[PDB]
Number of protein chains: 4
Amino acid sequence: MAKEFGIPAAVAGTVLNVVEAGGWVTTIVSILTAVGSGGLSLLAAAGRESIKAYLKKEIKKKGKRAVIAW
Amino acid sequence: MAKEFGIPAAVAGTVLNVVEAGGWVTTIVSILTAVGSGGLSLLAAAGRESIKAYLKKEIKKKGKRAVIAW
Amino acid sequence: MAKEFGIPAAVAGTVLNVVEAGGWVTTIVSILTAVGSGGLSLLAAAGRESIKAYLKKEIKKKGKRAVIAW
Amino acid sequence: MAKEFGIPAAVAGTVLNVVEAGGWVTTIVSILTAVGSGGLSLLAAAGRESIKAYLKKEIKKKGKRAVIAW
Ligand SMILES: CCCCCCCCCCO[C@@H]1O[C@H](CO)[C@@H](O[C@H]2O[C@H](CO)[C@@H](O)[C@H](O)[C@H]2O)[C@H](O)[C@H]1O
Ligand SMILES: CCCCCCCCCCO[C@@H]1O[C@H](CO)[C@@H](O[C@H]2O[C@H](CO)[C@@H](O)[C@H](O)[C@H]2O)[C@H](O)[C@H]1O
């Protein structure tokens, strides 16, 4: 999230926690949208999936820590 | 917004009204996204600021009318 | 590219052919830009990689056919 | 260029030098395009101006150093 998108670690951890805790998509969307363009880029990257759905998959494959780094 | 981005006056002035009303970033992002590629380009332009933050700064300097025209 | 981004197969497969041929990033950016907002969204998705770098990585993992479909 | 767009200082200085030396727009466009999305964002930010034309103005107003920082 940092390397690819430039999402600060404190914002990214929050986002992933919300994902892992089955939080509202709209929550994830406001946090990510507030980060500015790096967050907009990560929103764009999901495509037509929900961001929650997308990031869930991403943690499933690389684990929390690597998703924060990415 | 018209000259540089191709955002019809009716859309833009609504976007600016939401800015000046201290409305949600996501709302601005959804209106701009809905205009299509001229709105994605304005989103991209804001870089790592929120689009609200960005448009607020633009209105501060040129004032609402010039920002609509731009 | 179709499923997630809405990029017609005729455009996408050309974009991928340019990737695989080691063509200019700007060329990829101009084709994608020309498709309109689905192409801006794919541009945004790549984050801080070049789009060439990004699509190369996608083809490596899903292979050209799935990347067209995606 | 750094604060707003996340353009590394070595790439940004090069770009501004090219601008100040009346270099080709296509040169500026390939460098900026290669930076990835922060460069695409700065390209989007010019709007319908040429990037050279846009950055020329930007240095005129803030001077080289501040344009690198921005
Ligand atoms: C570099 C800055 C990026 C701006 C230019 C490139 C395109 C990126 C612009 C934003 O892309 C996203 O598009 C979607 C539309 O599909 C938009 O929707 C978000 O909010 C919806 C809430 O109603 C939600 O359902 C979507 O999951 C979510 O992606 C998104 O916010 C944009 O960032
Ligand atoms: C966050 C990543 C941004 C991607 C999504 C948001 C929109 C930004 C996509 C790129 O925007 C620019 O659009 C222009 C088209 O007006 C495109 O043209 C560039 O190259 C032309 C060369 O033929 C040149 O004449 C233009 O001056 C120049 O801006 C640009 O490369 C895109 O980055």
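In what follows, the accompanying structure is described.

About the cut-offs
Residues numbered from 1 in each chain as written, not as in the entry; some residues may be left out. Chains lettered and ligands numbered in written order. Heavy atoms only, no water. Contact = heavy atoms within 4.5 Å. Buried area = accessible area lost by both parts, 1.4 Å probe. Salt bridge = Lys/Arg side-chain N within 4 Å of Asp/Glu carboxyl O. Polar contact = N/O pair within 3.5 Å; in protein donor to acceptor, adjacent residues only side chain to side chain. Helix = DSSP H or I, 4+ residues; strand = E, 2+ residues; numbered from the N terminus. Nonpolar A, V, L, I, M, F, W, Y, C, P; charged D, E, K, R; others polar. Buried < 20%, exposed > 50% of the residue type's maximum accessible area, 1.4 Å probe, protein only. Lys, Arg positive; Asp, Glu negative; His and termini not counted. Near = heavy atom within 4 Å. Areas by Shrake-Rupley, 256 points an atom, 1.4 Å probe, with all protein chains shown as cover.

1. A look at the interface of chain A and chain C
Right, on to step 1. With 13 residues of chain A at the interface, the matching set in chain C holds 13 residues.
Right, on to step 2. Carbon and sulfur atoms make up 39% of the area that chain A and chain C hide from each other, which totals about 860 Å².
Right, on to step 3. Contact with chain C buries area across many residues of chain A, yet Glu4, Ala44 and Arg48 of chain A alone supply 50% of it, more than any other trio.
Right, on to step 4. On the surface where chain A and chain C come into contact, there are zero salt bridges.
Right, on to step 5. In this assembly, chain A and chain C are joined by seven residue pairs in polar contact.
Right, on to step 6. Within the residue set of the side of chain A that touches chain C, elements represented by two or more residues are α1 (2-5) and α4 (37-46) of chain A.
Right, on to step 7. Looking at the side of chain A that touches chain C residue by residue, the classes come out as five nonpolar, three polar and five charged.

2. Some thoughts on the side chain of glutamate 4 of chain B
Right, on to step 1. For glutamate 4 of chain B, the location among the structural elements is in helix α1 (residues 2-5).
Right, on to step 2. The buried charged residue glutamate 4 of chain B lacks any salt bridge partner; its closest oppositely charged side chain belongs to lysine 3 of chain B, at an N-O distance of 5.1 Å.
Right, on to step 3. Of the polar contacts made by the side chain of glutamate 4 of chain B, one reaches the backbone nitrogen of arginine 48 of chain D; its length is 2.2 Å.
Right, on to step 4. Side-chain polar atoms of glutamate 4 of chain B contact the backbone nitrogen of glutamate 49 of chain D, separated by 3.5 Å.
Right, on to step 5. Apart from residues no more than four positions distant in its own chain, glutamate 4 of chain B is found in contact with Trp70 of chain B together with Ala46, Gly47, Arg48 and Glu49 of chain D.

3. Brief notes about the site of ligand 1
Right, on to step 1. Around ligand 1 sit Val29, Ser37, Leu40, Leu43 and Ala44 of chain A, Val29, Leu40, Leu43 and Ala44 of chain B together with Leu40, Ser41 and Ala44 of chain C, and those are all the residues in its vicinity.
Right, on to step 2. Flanking ligand 1 are residues from chains A, B and C.
Right, on to step 3. In the complex, 68% of the free accessible area of ligand 1, which totals 720 Å², lies under the protein chains.
Right, on to step 4. With four residues, the single largest contributor to the shell around ligand 1 is α4 of chain A.
Right, on to step 5. Class assignment of the residues belonging to the shell around ligand 1 gives a composition of 10 nonpolar, two polar and no charged.

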